[PDB]
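> Next comes entry.pdb, PDB, N, CA, C and O atoms:
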ATOM      1  N   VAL U 490     -43.371 -51.044  27.070
ATOM      2  CA  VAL U 490     -44.594 -50.598  27.722
ATOM      3  C   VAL U 490     -45.839 -50.795  26.869
ATOM      4  O   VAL U 490     -46.949 -50.817  27.423
ATOM      5  N   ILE U 491     -45.716 -50.926  25.547
ATOM      6  CA  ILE U 491     -46.854 -51.168  24.669
ATOM      7  C   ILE U 491     -46.481 -52.261  23.678
ATOM      8  O   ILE U 491     -45.307 -52.568  23.470
ATOM      9  N   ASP U 492     -47.502 -52.854  23.066
ATOM     10  CA  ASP U 492     -47.324 -53.913  22.085
ATOM     11  C   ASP U 492     -47.342 -53.319  20.685
ATOM     12  O   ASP U 492     -48.301 -52.642  20.309
ATOM     13  N   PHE U 493     -46.295 -53.579  19.915
ATOM     14  CA  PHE U 493     -46.231 -53.158  18.526
ATOM     15  C   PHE U 493     -46.570 -54.332  17.620
ATOM     16  O   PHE U 493     -46.190 -55.472  17.899
ATOM     17  N   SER U 494     -47.294 -54.052  16.543
ATOM     18  CA  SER U 494     -47.478 -55.041  15.497
ATOM     19  C   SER U 494     -46.217 -55.113  14.642
ATOM     20  O   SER U 494     -45.216 -54.444  14.907
ATOM     21  N   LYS U 495     -46.258 -55.935  13.601
ATOM     22  CA  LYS U 495     -45.165 -55.949  12.650
ATOM     23  C   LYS U 495     -45.132 -54.621  11.895
ATOM     24  O   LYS U 495     -46.157 -53.946  11.769
ATOM     25  N   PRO U 496     -43.965 -54.212  11.406
ATOM     26  CA  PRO U 496     -43.869 -52.914  10.724
ATOM     27  C   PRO U 496     -44.745 -52.862   9.483
ATOM     28  O   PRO U 496     -44.612 -53.680   8.571
ATOM     29  N   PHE U 497     -45.653 -51.888   9.452
ATOM     30  CA  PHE U 497     -46.437 -51.639   8.252
ATOM     31  C   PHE U 497     -45.726 -50.711   7.283
ATOM     32  O   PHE U 497     -46.213 -50.512   6.167
ATOM     33  N   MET U 498     -44.594 -50.141   7.683
ATOM     34  CA  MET U 498     -43.802 -49.298   6.803
ATOM     35  C   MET U 498     -42.367 -49.324   7.302
ATOM     36  O   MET U 498     -42.133 -49.269   8.511
ATOM     37  N   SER U 499     -41.419 -49.434   6.380
ATOM     38  CA  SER U 499     -40.002 -49.429   6.704
ATOM     39  C   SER U 499     -39.369 -48.125   6.242
ATOM     40  O   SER U 499     -39.738 -47.571   5.204
ATOM     41  N   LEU U 500     -38.411 -47.636   7.020
ATOM     42  CA  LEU U 500     -37.787 -46.350   6.737
ATOM     43  C   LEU U 500     -36.377 -46.348   7.308
ATOM     44  O   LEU U 500     -35.894 -47.352   7.839
ATOM     45  N   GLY U 501     -35.720 -45.202   7.189
ATOM     46  CA  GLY U 501     -34.397 -44.999   7.745
ATOM     47  C   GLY U 501     -34.050 -43.531   7.665
ATOM     48  O   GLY U 501     -34.848 -42.705   7.217
ATOM     49  N   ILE U 502     -32.838 -43.214   8.102
ATOM     50  CA  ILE U 502     -32.349 -41.842   8.063
ATOM     51  C   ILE U 502     -31.708 -41.587   6.708
ATOM     52  O   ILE U 502     -30.837 -42.344   6.268
ATOM     53  N   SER U 503     -32.134 -40.518   6.044
ATOM     54  CA  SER U 503     -31.732 -40.207   4.686
ATOM     55  C   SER U 503     -31.342 -38.739   4.586
ATOM     56  O   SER U 503     -31.600 -37.932   5.489
ATOM     57  N   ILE U 504     -30.731 -38.406   3.452
ATOM     58  CA  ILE U 504     -30.180 -37.086   3.181
ATOM     59  C   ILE U 504     -31.001 -36.431   2.081
ATOM     60  O   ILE U 504     -31.190 -37.012   1.004
ATOM     61  N   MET U 505     -31.478 -35.220   2.352
ATOM     62  CA  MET U 505     -32.220 -34.407   1.402
ATOM     63  C   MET U 505     -31.376 -33.203   1.020
ATOM     64  O   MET U 505     -30.894 -32.478   1.894
ATOM     65  N   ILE U 506     -31.201 -32.992  -0.283
ATOM     66  CA  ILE U 506     -30.500 -31.819  -0.780
ATOM     67  C   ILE U 506     -31.360 -31.153  -1.840
ATOM     68  O   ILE U 506     -32.231 -31.772  -2.452
ATOM     69  N   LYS U 507     -31.094 -29.872  -2.060
ATOM     70  CA  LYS U 507     -31.810 -29.132  -3.083
ATOM     71  C   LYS U 507     -31.443 -29.663  -4.462
ATOM     72  O   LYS U 507     -30.290 -30.005  -4.732
ATOM     73  N   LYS U 508     -32.443 -29.743  -5.330
ATOM     74  CA  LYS U 508     -32.230 -30.286  -6.664
ATOM     75  C   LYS U 508     -31.281 -29.388  -7.452
ATOM     76  O   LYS U 508     -31.445 -28.160  -7.445
ATOM     77  N   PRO U 514     -27.952 -25.247 -20.508
ATOM     78  CA  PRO U 514     -26.888 -24.610 -21.291
ATOM     79  C   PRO U 514     -27.339 -23.303 -21.923
ATOM     80  O   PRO U 514     -28.406 -23.253 -22.532
ATOM     81  N   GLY U 515     -26.533 -22.256 -21.779
ATOM     82  CA  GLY U 515     -26.857 -20.994 -22.402
ATOM     83  C   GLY U 515     -26.733 -21.054 -23.910
ATOM     84  O   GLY U 515     -26.096 -21.939 -24.479
ATOM     85  N   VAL U 516     -27.371 -20.087 -24.570
ATOM     86  CA  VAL U 516     -27.331 -20.041 -26.027
ATOM     87  C   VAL U 516     -25.906 -19.823 -26.515
ATOM     88  O   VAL U 516     -25.443 -20.498 -27.442
ATOM     89  N   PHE U 517     -25.180 -18.905 -25.887
ATOM     90  CA  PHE U 517     -23.817 -18.561 -26.275
ATOM     91  C   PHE U 517     -22.797 -19.169 -25.318
ATOM     92  O   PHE U 517     -21.767 -18.568 -25.017
ATOM     93  N   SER U 518     -23.075 -20.381 -24.841
ATOM     94  CA  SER U 518     -22.192 -21.073 -23.916
ATOM     95  C   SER U 518     -20.966 -21.668 -24.593
ATOM     96  O   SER U 518     -20.069 -22.150 -23.895
ATOM     97  N   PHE U 519     -20.905 -21.662 -25.925
ATOM     98  CA  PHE U 519     -19.700 -22.108 -26.610
ATOM     99  C   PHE U 519     -18.540 -21.143 -26.407
ATOM    100  O   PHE U 519     -17.396 -21.494 -26.712
ATOM    101  N   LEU U 520     -18.811 -19.943 -25.903
ATOM    102  CA  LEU U 520     -17.788 -18.968 -25.559
ATOM    103  C   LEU U 520     -17.225 -19.178 -24.162
ATOM    104  O   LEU U 520     -16.308 -18.457 -23.764
ATOM    105  N   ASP U 521     -17.754 -20.145 -23.419
ATOM    106  CA  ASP U 521     -17.417 -20.276 -22.005
ATOM    107  C   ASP U 521     -15.977 -20.700 -21.723
ATOM    108  O   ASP U 521     -15.449 -20.291 -20.675
ATOM    109  N   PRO U 522     -15.306 -21.522 -22.545
ATOM    110  CA  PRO U 522     -13.909 -21.870 -22.224
ATOM    111  C   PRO U 522     -12.983 -20.677 -22.056
ATOM    112  O   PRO U 522     -12.074 -20.729 -21.222
ATOM    113  N   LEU U 523     -13.173 -19.612 -22.825
ATOM    114  CA  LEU U 523     -12.350 -18.418 -22.706
ATOM    115  C   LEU U 523     -13.137 -17.310 -22.023
ATOM    116  O   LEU U 523     -14.351 -17.189 -22.195
ATOM    117  N   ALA U 524     -12.436 -16.500 -21.240
ATOM    118  CA  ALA U 524     -13.079 -15.399 -20.544
ATOM    119  C   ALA U 524     -13.512 -14.314 -21.527
ATOM    120  O   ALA U 524     -13.028 -14.226 -22.657
ATOM    121  N   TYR U 525     -14.453 -13.483 -21.072
ATOM    122  CA  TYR U 525     -14.982 -12.403 -21.902
ATOM    123  C   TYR U 525     -13.886 -11.426 -22.311
ATOM    124  O   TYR U 525     -13.854 -10.949 -23.455
ATOM    125  N   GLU U 526     -12.978 -11.116 -21.383
ATOM    126  CA  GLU U 526     -11.870 -10.223 -21.695
ATOM    127  C   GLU U 526     -10.977 -10.797 -22.781
ATOM    128  O   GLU U 526     -10.426 -10.044 -23.588
ATOM    129  N   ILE U 527     -10.828 -12.122 -22.827
ATOM    130  CA  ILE U 527     -10.024 -12.729 -23.882
ATOM    131  C   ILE U 527     -10.665 -12.509 -25.244
ATOM    132  O   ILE U 527      -9.980 -12.167 -26.207
ATOM    133  N   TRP U 528     -11.980 -12.706 -25.351
ATOM    134  CA  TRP U 528     -12.658 -12.477 -26.626
ATOM    135  C   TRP U 528     -12.558 -11.016 -27.049
ATOM    136  O   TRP U 528     -12.300 -10.710 -28.222
ATOM    137  N   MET U 529     -12.750 -10.099 -26.099
ATOM    138  CA  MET U 529     -12.654  -8.676 -26.406
ATOM    139  C   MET U 529     -11.251  -8.296 -26.873
ATOM    140  O   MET U 529     -11.087  -7.568 -27.864
ATOM    141  N   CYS U 530     -10.224  -8.792 -26.183
ATOM    142  CA  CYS U 530      -8.856  -8.490 -26.578
ATOM    143  C   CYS U 530      -8.472  -9.206 -27.864
ATOM    144  O   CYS U 530      -7.612  -8.720 -28.598
ATOM    145  N   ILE U 531      -9.103 -10.341 -28.165
ATOM    146  CA  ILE U 531      -8.895 -10.992 -29.454
ATOM    147  C   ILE U 531      -9.418 -10.111 -30.575
ATOM    148  O   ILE U 531      -8.777  -9.964 -31.620
ATOM    149  N   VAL U 532     -10.596  -9.515 -30.376
ATOM    150  CA  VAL U 532     -11.135  -8.599 -31.380
ATOM    151  C   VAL U 532     -10.218  -7.392 -31.550
ATOM    152  O   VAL U 532      -9.919  -6.967 -32.678
ATOM    153  N   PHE U 533      -9.753  -6.823 -30.433
ATOM    154  CA  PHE U 533      -8.849  -5.677 -30.514
ATOM    155  C   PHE U 533      -7.551  -6.039 -31.227
ATOM    156  O   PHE U 533      -7.052  -5.268 -32.057
ATOM    157  N   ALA U 534      -6.987  -7.206 -30.911
ATOM    158  CA  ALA U 534      -5.746  -7.641 -31.536
ATOM    159  C   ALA U 534      -5.939  -7.919 -33.017
ATOM    160  O   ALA U 534      -5.039  -7.663 -33.819
ATOM    161  N   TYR U 535      -7.101  -8.448 -33.398
ATOM    162  CA  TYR U 535      -7.406  -8.649 -34.809
ATOM    163  C   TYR U 535      -7.432  -7.319 -35.553
ATOM    164  O   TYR U 535      -6.846  -7.184 -36.637
ATOM    165  N   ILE U 536      -8.085  -6.312 -34.968
ATOM    166  CA  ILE U 536      -8.127  -4.992 -35.594
ATOM    167  C   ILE U 536      -6.720  -4.422 -35.730
ATOM    168  O   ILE U 536      -6.330  -3.915 -36.791
ATOM    169  N   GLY U 537      -5.933  -4.504 -34.654
ATOM    170  CA  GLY U 537      -4.585  -3.959 -34.688
ATOM    171  C   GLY U 537      -3.684  -4.666 -35.682
ATOM    172  O   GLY U 537      -2.904  -4.027 -36.389
ATOM    173  N   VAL U 538      -3.779  -5.995 -35.749
ATOM    174  CA  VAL U 538      -2.974  -6.765 -36.690
ATOM    175  C   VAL U 538      -3.334  -6.403 -38.122
ATOM    176  O   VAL U 538      -2.452  -6.213 -38.965
TER     177      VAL U 538
ATOM    178  N   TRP N 178     -18.082   2.879 -17.753
ATOM    179  CA  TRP N 178     -18.171   3.564 -19.039
ATOM    180  C   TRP N 178     -16.835   4.143 -19.484
ATOM    181  O   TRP N 178     -16.625   4.337 -20.683
ATOM    182  N   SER N 179     -15.921   4.420 -18.556
ATOM    183  CA  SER N 179     -14.615   4.941 -18.939
ATOM    184  C   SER N 179     -13.703   3.870 -19.532
ATOM    185  O   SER N 179     -12.907   4.172 -20.433
ATOM    186  N   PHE N 180     -13.821   2.626 -19.071
ATOM    187  CA  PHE N 180     -13.135   1.514 -19.720
ATOM    188  C   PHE N 180     -13.552   1.398 -21.184
ATOM    189  O   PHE N 180     -12.710   1.266 -22.085
ATOM    190  N   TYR N 181     -14.857   1.470 -21.444
ATOM    191  CA  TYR N 181     -15.346   1.404 -22.812
ATOM    192  C   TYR N 181     -15.056   2.679 -23.586
ATOM    193  O   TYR N 181     -14.953   2.630 -24.813
ATOM    194  N   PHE N 182     -14.890   3.810 -22.897
ATOM    195  CA  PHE N 182     -14.374   5.008 -23.550
ATOM    196  C   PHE N 182     -12.974   4.765 -24.088
ATOM    197  O   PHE N 182     -12.660   5.148 -25.220
ATOM    198  N   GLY N 183     -12.121   4.129 -23.287
ATOM    199  CA  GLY N 183     -10.791   3.779 -23.764
ATOM    200  C   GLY N 183     -10.818   2.801 -24.927
ATOM    201  O   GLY N 183     -10.046   2.936 -25.883
ATOM    202  N   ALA N 184     -11.700   1.804 -24.862
ATOM    203  CA  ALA N 184     -11.819   0.850 -25.966
ATOM    204  C   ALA N 184     -12.273   1.537 -27.254
ATOM    205  O   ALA N 184     -11.729   1.289 -28.342
ATOM    206  N   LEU N 185     -13.275   2.412 -27.149
ATOM    207  CA  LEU N 185     -13.746   3.151 -28.312
ATOM    208  C   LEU N 185     -12.665   4.081 -28.842
ATOM    209  O   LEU N 185     -12.549   4.286 -30.056
ATOM    210  N   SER N 186     -11.862   4.656 -27.943
ATOM    211  CA  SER N 186     -10.729   5.466 -28.369
ATOM    212  C   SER N 186      -9.737   4.641 -29.169
ATOM    213  O   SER N 186      -9.205   5.111 -30.178
ATOM    214  N   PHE N 187      -9.471   3.407 -28.735
ATOM    215  CA  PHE N 187      -8.588   2.531 -29.501
ATOM    216  C   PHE N 187      -9.130   2.299 -30.905
ATOM    217  O   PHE N 187      -8.397   2.400 -31.901
ATOM    218  N   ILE N 188     -10.420   1.974 -31.001
ATOM    219  CA  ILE N 188     -11.013   1.678 -32.306
ATOM    220  C   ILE N 188     -10.942   2.900 -33.219
ATOM    221  O   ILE N 188     -10.559   2.801 -34.397
ATOM    222  N   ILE N 189     -11.281   4.075 -32.685
ATOM    223  CA  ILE N 189     -11.266   5.292 -33.489
ATOM    224  C   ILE N 189      -9.841   5.653 -33.893
ATOM    225  O   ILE N 189      -9.605   6.133 -35.006
ATOM    226  N   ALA N 190      -8.870   5.434 -33.003
ATOM    227  CA  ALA N 190      -7.481   5.727 -33.334
ATOM    228  C   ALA N 190      -6.988   4.847 -34.472
ATOM    229  O   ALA N 190      -6.292   5.322 -35.376
ATOM    230  N   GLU N 191      -7.340   3.560 -34.448
ATOM    231  CA  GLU N 191      -6.956   2.683 -35.551
ATOM    232  C   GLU N 191      -7.609   3.107 -36.864
ATOM    233  O   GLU N 191      -6.953   3.120 -37.917
ATOM    234  N   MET N 192      -8.896   3.468 -36.829
ATOM    235  CA  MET N 192      -9.549   3.908 -38.062
ATOM    236  C   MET N 192      -8.926   5.193 -38.600
ATOM    237  O   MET N 192      -8.727   5.338 -39.813
ATOM    238  N   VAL N 193      -8.614   6.139 -37.715
ATOM    239  CA  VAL N 193      -8.027   7.403 -38.148
ATOM    240  C   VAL N 193      -6.614   7.189 -38.682
ATOM    241  O   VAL N 193      -6.186   7.861 -39.627
ATOM    242  N   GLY N 194      -5.869   6.253 -38.093
ATOM    243  CA  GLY N 194      -4.568   5.911 -38.643
ATOM    244  C   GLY N 194      -4.665   5.327 -40.039
ATOM    245  O   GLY N 194      -3.864   5.654 -40.920
ATOM    246  N   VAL N 195      -5.653   4.459 -40.260
ATOM    247  CA  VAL N 195      -5.902   3.922 -41.598
ATOM    248  C   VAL N 195      -6.239   5.043 -42.583
ATOM    249  O   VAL N 195      -5.775   5.047 -43.734
ATOM    250  N   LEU N 196      -7.058   6.006 -42.149
ATOM    251  CA  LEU N 196      -7.391   7.143 -43.007
ATOM    252  C   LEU N 196      -6.161   7.975 -43.348
ATOM    253  O   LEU N 196      -6.000   8.420 -44.491
ATOM    254  N   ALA N 197      -5.289   8.211 -42.369
ATOM    255  CA  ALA N 197      -4.073   8.972 -42.631
ATOM    256  C   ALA N 197      -3.153   8.235 -43.599
ATOM    257  O   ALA N 197      -2.518   8.855 -44.460
ATOM    258  N   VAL N 198      -3.059   6.911 -43.462
ATOM    259  CA  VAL N 198      -2.220   6.139 -44.376
ATOM    260  C   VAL N 198      -2.770   6.213 -45.796
ATOM    261  O   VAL N 198      -2.009   6.359 -46.761
ATOM    262  N   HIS N 199      -4.096   6.126 -45.956
ATOM    263  CA  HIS N 199      -4.672   6.346 -47.283
ATOM    264  C   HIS N 199      -4.390   7.743 -47.816
ATOM    265  O   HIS N 199      -4.151   7.903 -49.015
ATOM    266  N   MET N 200      -4.447   8.773 -46.972
ATOM    267  CA  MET N 200      -4.134  10.103 -47.492
ATOM    268  C   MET N 200      -2.688  10.191 -47.962
ATOM    269  O   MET N 200      -2.404  10.805 -48.995
ATOM    270  N   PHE N 201      -1.762   9.596 -47.212
ATOM    271  CA  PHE N 201      -0.360   9.573 -47.627
ATOM    272  C   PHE N 201      -0.195   8.857 -48.964
ATOM    273  O   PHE N 201       0.481   9.353 -49.880
ATOM    274  N   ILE N 202      -0.823   7.688 -49.093
ATOM    275  CA  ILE N 202      -0.749   6.932 -50.337
ATOM    276  C   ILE N 202      -1.329   7.741 -51.491
ATOM    277  O   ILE N 202      -0.754   7.781 -52.582
ATOM    278  N   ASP N 203      -2.467   8.401 -51.266
ATOM    279  CA  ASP N 203      -3.102   9.185 -52.319
ATOM    280  C   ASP N 203      -2.236  10.366 -52.734
ATOM    281  O   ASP N 203      -2.152  10.696 -53.923
ATOM    282  N   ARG N 204      -1.593  11.023 -51.766
ATOM    283  CA  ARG N 204      -0.679  12.109 -52.094
ATOM    284  C   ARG N 204       0.449  11.615 -52.986
ATOM    285  O   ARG N 204       0.802  12.267 -53.976
ATOM    286  N   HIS N 205       1.018  10.452 -52.665
ATOM    287  CA  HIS N 205       2.126   9.975 -53.486
ATOM    288  C   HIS N 205       1.663   9.457 -54.845
ATOM    289  O   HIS N 205       2.412   9.551 -55.822
ATOM    290  N   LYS N 206       0.444   8.920 -54.941
ATOM    291  CA  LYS N 206      -0.071   8.541 -56.256
ATOM    292  C   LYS N 206      -0.346   9.764 -57.120
ATOM    293  O   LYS N 206      -0.129   9.728 -58.338
ATOM    294  N   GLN N 207      -0.832  10.851 -56.519
ATOM    295  CA  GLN N 207      -1.016  12.081 -57.284
ATOM    296  C   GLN N 207       0.322  12.673 -57.705
ATOM    297  O   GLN N 207       0.443  13.219 -58.807
ATOM    298  N   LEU N 208       1.335  12.581 -56.841
ATOM    299  CA  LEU N 208       2.672  13.014 -57.232
ATOM    300  C   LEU N 208       3.208  12.172 -58.381
ATOM    301  O   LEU N 208       3.864  12.691 -59.291
ATOM    302  N   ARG N 209       2.947  10.864 -58.347
ATOM    303  CA  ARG N 209       3.437   9.974 -59.395
ATOM    304  C   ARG N 209       2.840  10.335 -60.749
ATOM    305  O   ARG N 209       3.540  10.326 -61.767
ATOM    306  N   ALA N 210       1.551  10.657 -60.780
ATOM    307  CA  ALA N 210       0.882  11.032 -62.017
ATOM    308  C   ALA N 210       1.028  12.526 -62.282
ATOM    309  O   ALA N 210       2.090  13.106 -62.053
TER     310      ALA N 210
END
So that I can check it, write out the structure of this file as structure tokens.

Amino acid sequence: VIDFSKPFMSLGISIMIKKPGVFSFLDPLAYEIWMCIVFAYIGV
Amino acid sequence: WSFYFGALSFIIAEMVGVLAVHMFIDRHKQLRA
């Protein structure tokens, strides 16, 4: 129904998604493990 | 706070046991001398 010129801009359908602690070296073991390690050290 | 009450109880119990063991040792050293 209307005349289009050549595309002045090209686009497509795209996906938009939403985009270390100081003591993070303790992260491999849980906090309870460290606490029980201290307790076991005292007991030993 | 009651979990940490138990933990503090553990720590104090170990320290008091160490104190009792020193008293036993001291009694026997005084007996020796």
> Restrict the distance test to only N, CA, C and O atoms, flag each residue of chain N within 8 Å of chain U, and return the flagged residues as a list in words.
residues 184, 187, 188, 191 and 192 of chain N
> Would you compute the distance between CA of residue 180 (chain N) and CA of residue 525 (chain U)? Give it in Å to one decimal.
14.2 Å
> As a list in words, list the residues of chain U assigned to helix (DSSP H, G or I) by DSSP on the backbone atoms of this structure.
residues 518, 519, 520, 525, 526, 527, 528, 529, 530, 531, 532, 533, 534, 535, 536 and 537 of chain U
> What is the atom C of residue 490 (chain U) to CA of residue 502 (chain U) distance in Å?
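Going from atom C of residue 490 (chain U) over to CA of residue 502 (chain U), I get 24.8 Å.
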> What does the structure give for the distance between atom N of residue 519 (chain U) and atom C of residue 532 (chain U), in Å to one decimal?
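These two atoms are separated by 18.7 Å.
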> Would you compute, for all listed atoms of region 526-537 of chain U, the axis-aligned bounding box grown by 8 Å on each side, and then report its centre and edge lengths in Å rounded to one decimal, as AutoDock Vina command-line options?

--center_x -7.9 --center_y -8.3 --center_z -29.1 --size_x 26.1 --size_y 24.8 --size_z 31.4
